[PDB]
Amino acid sequence: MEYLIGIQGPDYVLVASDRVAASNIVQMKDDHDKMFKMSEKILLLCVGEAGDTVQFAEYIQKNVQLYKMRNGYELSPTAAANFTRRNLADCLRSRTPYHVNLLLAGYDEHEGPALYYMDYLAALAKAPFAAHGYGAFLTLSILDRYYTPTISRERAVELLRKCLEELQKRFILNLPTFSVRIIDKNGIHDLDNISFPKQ
Amino acid sequence: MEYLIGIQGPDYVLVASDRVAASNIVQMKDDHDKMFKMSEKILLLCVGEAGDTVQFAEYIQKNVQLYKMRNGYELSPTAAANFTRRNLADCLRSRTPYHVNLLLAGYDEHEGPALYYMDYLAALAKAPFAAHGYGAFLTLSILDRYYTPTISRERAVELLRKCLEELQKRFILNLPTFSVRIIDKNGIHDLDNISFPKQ
Amino acid sequence: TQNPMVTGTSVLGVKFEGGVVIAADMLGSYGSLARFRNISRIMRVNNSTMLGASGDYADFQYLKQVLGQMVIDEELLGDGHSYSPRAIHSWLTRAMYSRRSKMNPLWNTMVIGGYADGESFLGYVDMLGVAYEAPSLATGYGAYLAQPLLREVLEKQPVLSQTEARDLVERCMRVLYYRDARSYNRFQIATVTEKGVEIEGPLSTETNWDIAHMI
Amino acid sequence: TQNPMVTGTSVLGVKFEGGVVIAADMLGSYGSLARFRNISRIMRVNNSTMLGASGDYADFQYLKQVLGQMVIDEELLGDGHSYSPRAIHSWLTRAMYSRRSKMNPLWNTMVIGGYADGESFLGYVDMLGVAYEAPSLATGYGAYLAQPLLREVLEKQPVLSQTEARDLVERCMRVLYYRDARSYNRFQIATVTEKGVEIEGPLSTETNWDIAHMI
Amino acid sequence: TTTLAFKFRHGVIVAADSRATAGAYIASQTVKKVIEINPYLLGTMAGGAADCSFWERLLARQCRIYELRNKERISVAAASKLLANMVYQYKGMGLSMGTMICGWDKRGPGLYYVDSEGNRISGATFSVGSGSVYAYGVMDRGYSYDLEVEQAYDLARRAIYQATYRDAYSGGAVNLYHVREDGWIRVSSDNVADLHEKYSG
Amino acid sequence: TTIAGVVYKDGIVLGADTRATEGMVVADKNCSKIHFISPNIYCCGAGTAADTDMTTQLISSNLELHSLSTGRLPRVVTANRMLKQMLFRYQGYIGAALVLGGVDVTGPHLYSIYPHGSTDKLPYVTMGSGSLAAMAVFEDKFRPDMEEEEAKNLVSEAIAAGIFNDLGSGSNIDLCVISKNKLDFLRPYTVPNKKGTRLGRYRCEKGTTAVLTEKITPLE
Amino acid sequence: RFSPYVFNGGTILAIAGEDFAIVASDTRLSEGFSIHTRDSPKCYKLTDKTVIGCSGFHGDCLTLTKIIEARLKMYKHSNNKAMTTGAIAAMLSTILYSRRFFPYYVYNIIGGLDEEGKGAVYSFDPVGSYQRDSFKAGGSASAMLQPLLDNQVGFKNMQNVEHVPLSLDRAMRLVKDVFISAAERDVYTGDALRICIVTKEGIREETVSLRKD
Amino acid sequence: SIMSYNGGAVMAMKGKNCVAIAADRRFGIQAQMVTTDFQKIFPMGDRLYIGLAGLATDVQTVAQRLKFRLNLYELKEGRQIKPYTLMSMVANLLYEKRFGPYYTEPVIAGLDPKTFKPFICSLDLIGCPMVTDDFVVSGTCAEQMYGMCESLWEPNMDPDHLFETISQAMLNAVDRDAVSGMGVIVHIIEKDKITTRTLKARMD
Amino acid sequence: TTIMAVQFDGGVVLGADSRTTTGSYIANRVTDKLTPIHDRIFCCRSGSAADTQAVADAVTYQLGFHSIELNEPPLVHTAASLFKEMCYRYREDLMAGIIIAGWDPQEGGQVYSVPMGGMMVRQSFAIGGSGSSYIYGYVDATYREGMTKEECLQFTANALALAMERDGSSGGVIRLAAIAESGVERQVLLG
Amino acid sequence: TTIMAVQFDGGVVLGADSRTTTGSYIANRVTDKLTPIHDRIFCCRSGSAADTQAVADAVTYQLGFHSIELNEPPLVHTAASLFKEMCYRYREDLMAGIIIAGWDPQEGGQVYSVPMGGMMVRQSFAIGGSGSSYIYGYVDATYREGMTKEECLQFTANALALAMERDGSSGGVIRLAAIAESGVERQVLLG
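Residues numbered from 1 in each chain as written, not as in the entry; some residues may be left out. Chains lettered and ligands numbered in written order. Part of a larger assembly, values for the part shown. Heavy atoms only, no water. Residues with missing side-chain atoms left out of burial classes, pairs and counts.

### Structural notes on the pairing of strand β7 (residues 180–183) of chain B
Of the two faces of β7 of chain B, the one holding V180 and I182 of chain B and the one holding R181 and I183 of chain B are both buried throughout. As consecutive antiparallel partners, β7 of chain B and strand β8 (residues 188–190) of chain B are separated by four residues. (Buried < 20%, exposed > 50% of the residue type's maximum accessible area, 1.4 Å probe, protein only. Helix = DSSP H or I, 4+ residues; strand = E, 2+ residues; numbered from the N terminus. Pairing = 2+ DSSP bridges.)

### Details of the environment of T191 of chain D
All names here are of chain D. Summarising the element assignment, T191 is placed in strand β9 (residues 187–193). Sequence spacing of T191 and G55 is 136 residues, and the spatial spacing of their C-alpha atoms is 22 Å. With sequence-adjacent residues up to four places away left out, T191 is seen in contact with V20, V21, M50, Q162, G196, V197, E198 and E200. (Contact = heavy atoms within 4.5 Å.)

### Topic: helix α4 (residues 168–185) of chain G
Working note: α-helix, 3.6 residues per turn, so residues spaced by three or four point in the same direction. Over its 18 residues, α4 of chain G extends 27 Å from the first C-alpha to the last, a length consistent with the 26 Å expected when each residue adds 1.5 Å. Near the N-terminus of α4 of chain G, the side chain that reaches the backbone nitrogen of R170 of chain G, with its oxygen 3.3 Å away, is that of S167 of chain G. (Expected span 1.5 Å × (residues − 1). Polar contact = N/O pair within 3.5 Å; in protein donor to acceptor, adjacent residues only side chain to side chain.)

### As for the interface of chain G and chain F
Interfaces are frequently sized by the accessible area removed from exposure as the parts join. Contact residues are listed per partner, giving 22 residues for chain G and 23 residues for chain F. Around 2000 Å² of area is buried between chain G and chain F when both sides are counted, 54% of it from carbon and sulfur atoms. Counting every contact that joins chain G to chain F gives two salt bridges. The partner of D213 of chain G in a salt bridge is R19 of chain F, with the nearest N and O atoms 3.4 Å apart. Secondary-structure elements contributing two or more residues to the side of chain G that touches chain F are β4 (34–37) and α4 of chain G. It is α4 of chain G that contributes the most residues to the side of chain G that touches chain F, six residues altogether. Taken together, the residues of the side of chain G that touches chain F sort by class into seven nonpolar, five polar and ten charged. (Buried area = accessible area lost by both parts, 1.4 Å probe. Salt bridge = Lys/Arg side-chain N within 4 Å of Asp/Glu carboxyl O. Nonpolar A, V, L, I, M, F, W, Y, C, P; charged D, E, K, R; others polar.)

### Points about helix α5 (residues 162–179) of chain D
The end-to-end C-alpha distance of α5 of chain D, which contains 18 residues, comes to 26 Å, matching closely the 26 Å that a straight helix rising 1.5 Å per residue would cover. Among the residues of α5 of chain D, those classed as buried are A165, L168, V169, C172, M173, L176, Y178 and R179 of chain D. In this structure, the buried side of α5 of chain D is in contact with β1 (11–16), β2 (19–25), α3 (142–145), α4 (147–156) and β9 of chain D together with β4 (25–28) of chain J.

### Description of the sheet that holds strand β7 (residues 107–111) of chain H
Residue and element names in this part refer to chain H. Here we have five strands laid out as an open sheet, ordered β5-β6-β7-β8-β9, and antiparallel in their pairing. Two strands bound the open sheet, and with one partner strand each, they are β5 (41–43) and β9 (129–131). Strand-to-strand, the axes of this sheet are offset by a mean angle of 20°, without reference to chain direction. (Axes fitted to C-alpha atoms, helices over the stretch in contact; angles between N-to-C directions.)

### Describing a negative patch on the surface
A contiguous patch of negative charge on the surface is contributed by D10, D145, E147 and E150 of chain F. Mapping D145 of chain F onto the fold places it in the loop between α3 (131–141) and α4 (148–164). (Patch = residues over 30% accessible without salt bridge, like charges linked within 9 Å, V, L, I, M, F, W, Y side chains within 5 Å. Areas by Shrake-Rupley, 256 points an atom, 1.4 Å probe, with all protein chains shown as cover. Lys, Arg positive; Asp, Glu negative; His and termini not counted. Charge placed at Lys NZ, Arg CZ, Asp CG, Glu CD.)

### Considerations on the sheet that holds strand β7 (residues 99–104) of chain I
Residue and element names in this part refer to chain I. Pairing in this open sheet of five strands is antiparallel, and the strands run β5-β6-β7-β8-β9 from one edge to the other. The outermost strands of the open sheet, each flanked by one partner alone, are β5 (34–36) and β9 (121–122). Lying over the sheet, helix α2 (residues 76–88) contacts β6 (41–44), β7 and β8 (108–113), oriented at roughly 160° with respect to β7.

### Details of the nonpolar core
Counting residues in hydrophobic clusters, the biggest one holds 88 residues, and the most contacted among them are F6 and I13 of chain E. Contact partners of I13 of chain E, with chain neighbours within four places excluded, come to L4, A5, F6, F8, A152, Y153, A156, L176, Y177 and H178 of chain E. Membership of the second largest hydrophobic core comes to 65 residues, among which are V21, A23 and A138 of chain C together with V6 of chain F. (Core = buried A, V, L, I, M, F, W, Y, C linked by side-chain atoms within 4.5 Å.)

### Some points on the interface of chain H and chain F
Each side of the interface is counted separately: chain H has 36 residues, and chain F has 36 residues. Mapped onto the side of chain H that touches chain F, the elements with two or more residues apiece are β9, α3 (143–152), α4 (159–176) and β12 (193–199) of chain H. Of the residues in the side of chain H that touches chain F, the class split is 13 nonpolar, nine polar and 14 charged. The sheet contact formed by strand β12 (residues 216–218) of chain F and β12 of chain H spans three bridges and is antiparallel. Looking at β12 of chain H, one finds that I216 of chain F is bridged to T195 of chain H.

### Details of the UniProt feature "active site" in chain I
When the UniProt feature table is mapped onto this chain numbering, "active site" sits at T1 of chain I. Excluding its chain neighbours within four sequence positions, the residues that come into contact with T1 of chain I are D17, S18, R19, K33, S46, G128, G129, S130, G131, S169 and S170 of chain I. (UniProt positions renumbered as here; feature names shortened; annotations may be inferred.)

### Side note on the arrangement of the chains
Most contacts, among the 17 pairs of chains that meet, fall between chains F and H. The two units chain A and chain D never meet; even their closest C-alpha atoms stay 43 Å apart. Chain B shows no contact with chain D. Their nearest C-alpha atoms sit 22 Å apart.

### Points about the pattern of salt bridges
For the coordinates displayed, the defined rule picks out 87 salt bridges over all chains. Between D140 of chain F and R171 of chain C there is a salt bridge, and its shortest N-O distance comes to 2.5 Å. With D140 of chain F in helix α3 and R171 of chain C in helix α5 (residues 162–179), this residue pair bridges two chains. When its relative accessible area of 31% is taken as the criterion, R171 of chain C is described as partly exposed. Among the salt bridges present, the one from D133 of chain H reaches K14 of chain H, with a minimum N-O distance of 3.5 Å. Placement of the pair is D133 of chain H in the loop between β9 and β10 (135–139) and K14 of chain H in strand β1 (residues 9–14), with a sequence separation of 119 residues. Looking at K14 of chain H, the relative accessible area reads 11%, which means it is buried.

### Focus on the side chain of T195 of chain H
Here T195 of chain H is to be found in strand β12. Not counting residues within four places of it along the chain, the set of residues in contact with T195 of chain H comprises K215 and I216 of chain F together with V186, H187 and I188 of chain H.

### Describing the pairing of β9 of chain D
All names here are of chain D. With respect to burial, β9 is a largely interior element, six of its seven residues being buried. Taken together, the six bridges between β2 and β9 define a ladder with antiparallel strand orientation. Note that in β9 the partner of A23 across the bridge is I189. In this structure, β9 lies alongside strand β10 (residues 196–203), joined through six bridges in antiparallel fashion. Bridged to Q188 within β10 is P202. Following β9, the chain reverses through two residues before pairing antiparallel with β10.

See the structure below:
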């Protein structure tokens, strides 16, 4: 439903969800956070049934830290992505399935940055730029004409601006405020909250 | 979905529509007009299935113009309200029912200002201020909080701006620009178009 | 049982002075075909109580089996204590409720008649566990049809004799033979006293058809 | 007709050298009960063509009525012109198609056999208006059962004699008596040549049951 | 059914109606909805009586066990997490429960919102029930953080009055609870008719 | 609803119970279920109340027209034919359970009509929801060619059994006797159920209710 | 097919007095358009200071009554003292939620004395919530009886009508009036009335007839 | 139900020489109210009113069609209308829509045009008349008003006790009612005059 | 329910039970299930009741009018044709169990059957009704070609006796109809 | 399909048709519908084929085991009880038309019936199968108490003959069984 974008760079991953926690008519919470800092270079975003989102984040966020304590080091983004896919694919054929839509943002020392893309039927994907929800019908074509693999981060933030400006022009939902993270050789750095005065 | 609000005063009726013509994902037209000037002192608003709204405009607009050209004198608002209610109540039980939501704004030389309220089941109502959709709820609360029958028109414009500022904070819709009219002893005077930059 | 295959029909019981008379017919109709026109729908339990049932006949056979086992077991206790009729009523009620709670209803409508220790007894057990005592019971269509005869005479006279009761049961069964499509002109009367339990033979009715010579 | 009440069963028809033989049986089954075990299911139209049907027997009576009317009309013109069998086939197809197009279908499966002016004719009409010509037609389950026999011998020999065709019809009807539940051991043969139209009597079959002595 | 809760500088305000109908038929006008979990917690009854009642009683039992094991009062977020985990195990089986978890924390003011759908979220203002949107309207008119005590009382009371005036499924007495730093206190319980006479002019 | 019919040695005795409930609540305590058709023919209704009313008034209109056009006393069989033809024309949509009785020159004639259009001549009929109790009492104690008081007692007894069974009426019984000469029609026949007296004057005092806006309009 | 419930109807009344709990109930057990009996008292006398009434589906009423009696004996044989009223209420609430996903179709009213010696009526619902009210009318005749008690017990919608505490005998004639007035218009009510009075000295019962239709 | 889409509650009660009809004031969609001034009691001539409950569309439509036929009748014949005549007229108008039914439950309350005889009756949604002597009710809530009127009604009532009795009945039964409330209008008429009062009902 | 028609040399013999039922409750213990149309032609009906009553009235109308316009006694096959037309015309809505028989001066005794469909056939004997399958079990066992009147009476007596005894919908009492060149002889029996 | 058991004084006589049908097609033209369980006890089955085959095999298992452990010839009522339990317990999935018959040393010939429900009754004669209703129409007319063996054979011959002739599902061939004190005599009437 709501929105979250997934742009990859050469050496950074620029993810940005929204802050909306509405219930079918009214916007109950307009500063909500959907971000779960797994490791020092691995982020995770979630979209779907809001009873399943918190539960599956509670599973992964409290299992990867267990791996961290046991082995004395940190997962690859690849193995973490596959581990999440494995848990979805095992949880799907049960009496209690999960209906979530993830995308994972990681950073290796060796592979560098990495982006994965989940789905409610547990499919892996190694995408250059992924999205979710209804926004994802527009905001990928708003992007696929101005994407360059060797793009700098200020161009990327500008392209976020250019894309949100076209989001809030022809879209029935409200979506006033977007939070923005970035990953680098250091770790998770939070950029400023991107909101808009419309008119 | 959307909503067009109308307030009653001592000698004025403050109606306020939107300018949104969206279809199920996207806002196709951002400057739509839902205001049907029937005669020199009678407005009409319409909300519902958009194949029907244009044909109500056709039917009622052109038929009241027929009345005016035939006899020599403009209708009362009350007779216009009943004529619309009768036409809906007749077209209801057929193979082709019409599913719209009207509310009528008029002003007589003798009755003064009047505000009516339809339904998709064709009920007359003589109300001080109206409601449809979900803008219904989140306007009626504050609007019934602040009402005085002896309220001046600039107070009403201030109240309406305040109500819209409360609207643009807890919806899930977009609603950027609202067109506003007023009715006086003279006629239909268009006010300025009321949009809001959100953040 | 979701679908009752072979149904009985209505059972009639009524108290009197120191005894309870129960009488049902001997019909095993399936659908509308009277496929089994000689069956017994009344169990004579040990010395005091006595059972009569409706609905699916197989479930009646099953409960007949289980009750016979339990009564034999208490008789093999050799202590001198038996089941009161109301105890059987309680056990049967709990049994039916336990069946319907697990979505396995035993399609029946059962009547328990017993006489013990000066006091008569006439109990009712539904499929749904609805169970009560009554001076006159009528199952099936009998609760529509022969119940007003019972409630007329019992209101006009609270106590009865054995002969009055037996004759009244005969009249009610004649009427049920008149206007019930799942009826049959062969029934047995079963009567308990303090002198024991006795099942009479396959009796029949005397009909009248003098209305048919009118147009 | 939404629900066919009284169905017939399979109708067999095949051309030969200068003639067409048709034979269908005489059974009027309802449900599974063979309620009408003596009826006629072949109308002898005027002198050349000839009709045989399956499905709802009442609809076949209706079409019998209408076609008899039409044929009597053209004969009473006195102009010396009759209907070709192919014209009959065309009219029947148009009638069935217009009847189903109003969503009130005639539940039938019809065979028109005719011999006119040297050329044999053997036509088929379905309920949906599906219609064609064939050297051999088999309706109902006969299209599953006896149709391979026809298409075996006609592939083995493209022309036939009257004797060979009649024998083959007999064998196919025997086979249908073996493994069709809606079959009956009494059928009638109809034959058209240039000598006119001739309907044979209610012939029977000869069966074998020697496999039953095996276990 | 209309409940609301909002925290501010001087703690938490919780008010609710007391009308709990049955279909089109009102059962009672005096159904006490704000379930008093602890001497430091307050829970609500938002959608369904028995579910809210039962699970909040079980949560109270759980929290008392926790405090007796740790010699220490539980946090607010902890109770919200426990309630969400207990409710989540019956997903889809037909539990309606939209309650609110209020109380004072080691961090201070705490306001969480737990659904039978499991939408466990913090926040600053909330309103649950059928006429909840009316409370949203008039409250987000009158809301600030820097409000006073009597101001907040009037805001909540006016809100519930408007909600019971417009929507039909709400009415009865208007309770009023106030969470301080140390303990909660009932402010008052006012009838609709008194407020109507008082606030209509 | 329990209407009954019988034929004694001269004519017809019709009875009824007059509790017309709407769903689960006793809506009425006195409902005239015995309707007029003609000076010789009556009718009772069951099931849908207004359908029976409108149909029986339409048939009574048509028979009054036909009788006044003819100029002699009407026939029961013509009423029967009209009713069955109309109700068969409505394809059984209109639910009207009818009992038709009247005395012609041929004598007493009773017909029961089922709302699809199936009709029967019988010496005794019972219709309605509680019809089975009255059918029980009839099949118990009917004999042909009963007397006047005998039949009246019988019909009263049958409908009383229907009232002691479910969905009878607090209304005490309506009866009607049609003969060759004497037409009678008796509304308050015999009251078994006296309502108990009040145990407390729960009187509303003059001024216990707050008034907001008074208004007086004189008349002539 | 098999439907597991059937509606038997019934009417249970309760009035919380100053030092008395009056629970009364008719004894008609019916089903659809028939009459099964004219003697089935809905009330049950548990302790010397507790009376429970149960309406709705009758088999569940019987089963629930027996389970409550069993747990009463368990509490007594474990803890050497009788239960209170509210403890019984809480236990019943636990039971009714303990069969949540296959519910009892039973309305319940527990009256009785508290530990202070005052009247206390605890209403219920099928799903298992409860509250301490001053009066409830349960079963089929709820809407026919609640507004009259609102007028008479609550003194509501009245003007300049002062509050007298409800005496015993005035409540008695109130119960007799409301049962006659409710038996006039309702179909699931009549043929007897079993009136239970809880005092500080025991349980009194009283049977007053009604109209027999 | 469809009868509970907009609510509605009409009570009419026969007094000694006078008759009192009262209704609720609320109008709104299923739970969201709109206004408090919706008229459900109409003047059909003098000393004779009709009340309507149910779907408001059918309420206004039936009221206007009845006004149409009523004016035509009173202009063909110079006298005014008797209550039985109006009852048969309403029954005929409803039964014309036997299969496309209007969703309403009319209540006629009026006096005799020649004498001072009171009159009450109600009709079903297909045109079933029902005359009584004590009271008739309609609308969504029924059993509440049945209980109250069977509790409080006495046969011979001066207009003040009549007014107070219908007042208490309407107030209590509407306060127990959910979807219909928000005020009471009371018409108490008699041979001499027509009185119209509104009560201080609970606005909850 | 169960209706039975046998022809013999001189004429035909009809016969039925009565017991019109609605569900499991008998509404009518005794019922004229056979209907006079002309003075020599009967029809006995089954299926639903109202359908067959209205159809019998309409057939009576058209047939009597036609026979008066001929000024000649009608054929039985004429009435069979009328039932065929008016049952096939509304076959979507009726449940016709019509069996027509009757003596004719030109053709002797004849029996036609009309089942629920609308087909018309001539038979030498006929069953009909829901409780007819059993006596249909042995009507091809006991029948002998060329009976007398009394043999047909005894035959159908045993037929309807066993049908009433076995099936639950049938029962009540037996009505017989003797149609010949001489007259119409009806009687009521039990045994 | 149509199965039938008749006892006489010395022993019993059984009988069935052959044709196993599926839809309107016959899969099997000739079928042992009656099955030996013990050497003196048969059963003939109907309804579903697979269900009754499985039940008969399980009864064969338990009954043979029990009879060997007794070291005595088994009773007929015992096998009746076994089919009763197997049917009634795990019903709601089966279509049992089971008829138990057989000679017994203690009791002579007996015939037990188990319909689709699961009730158990002792009868003197019995029907079973879809096309059993018609000969059930006249098996209560032709039967006389106290027949001989040849009378029972001719009886079942006529019965199954008309059952095969009239019903569409029946047909095929007649198989008969004669069980007595002496031996078991099976024969096949064909054509």
